[PDB]
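Below: the structure, in structure tokens.
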Amino acid sequence: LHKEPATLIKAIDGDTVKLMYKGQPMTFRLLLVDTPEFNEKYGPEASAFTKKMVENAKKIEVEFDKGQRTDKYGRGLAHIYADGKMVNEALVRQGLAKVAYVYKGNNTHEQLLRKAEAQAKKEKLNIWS
Ligand SMILES: Cc1cn([C@H]2C[C@H](OP(=O)(O)O)[C@@H](COP(=O)(O)O)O2)c(=O)[nH]c1=O
Ligand SMILES: [Ca+2]
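Under mature numbering (1 follows the signal peptide of the UniProt record, and there is no 0), the letters of the sequence shown match residues 63 to 101, 108 to 197, in that order.
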């Protein structure tokens, strides 16, 4: 896999963000995770967490996996990095997302994220509390 540039347009929620990619506005849905909706328990904390991570970043990068790059809603499917740190993994590590939506072919970082989830669960963080 490889990282490509993007710039923030707007934070949306825990697991979606609007980025300019190849000079076009796109909504990205983070691979391999599920954050609670804003109206759900931990939804606001997830949203805030992703917001801070992407807004404070000097450098946003997107990393597509080997499979489909857009979902059925037209959302980009990617790993998103903020100054080198993967948002997807950071959410899981903090107990603010569950590993989820692991589809064959877009699962390169699955075991990395599962490892993070195990550690969040051990620590009884957030969702796992
Ligand atoms: C993360 C992800 C979601 N989706 C689709 C599956 C779900 O369809 P349904 O809308 O039919 O439930 C939806 C979940 O996204 P949200 O968690 O953002 O709602 O997004 C994919 O198709 N591929 C993916 O990799
Ligand atoms: Ca969600």
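In this text, a Cβ means the ideal position worked out from N, Cα and C, and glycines have one as well.
Outcome for residue i when other beta-carbon atoms lying within 10 angstroms are tallied against a minimum of 16
i: residue 118; result: buried
i: residue 64; result: exposed
Residue i Cβ short of 7 Å to ligand 1 heavy atom set
i: residue 110; result: no
Residue range of the unbroken beta strand (DSSP E) whose run includes residue i
i: residue 91; result: 86–92
Distance cut-off 7 Å: residue i Cβ against heavy atoms of ligand 2
i: residue 99; result: yes
i: residue 96; result: yes
Coarse secondary structure for residue i, derived from DSSP in three states
i: residue 170; result: coil
i: residue 181; result: helix
i: residue 150; result: strand
i: residue 186; result: helix
i: residue 165; result: coil
i: residue 74; result: coil
Run of the alpha helix (DSSP H) containing residue i, from where it starts to where it stops
i: residue 119; result: 111–124
>> I'd like to know if the segment 80–94 and the segment 137–144 are in contact, where contact means that at least 3 CB-CB pairs between them fall below 8 Å.
In response: yes
> So does the segment 114–128 actually touch the segment 148–167, counting three or more Cβ pairs closer than 8 Å?
Replying inline: yes
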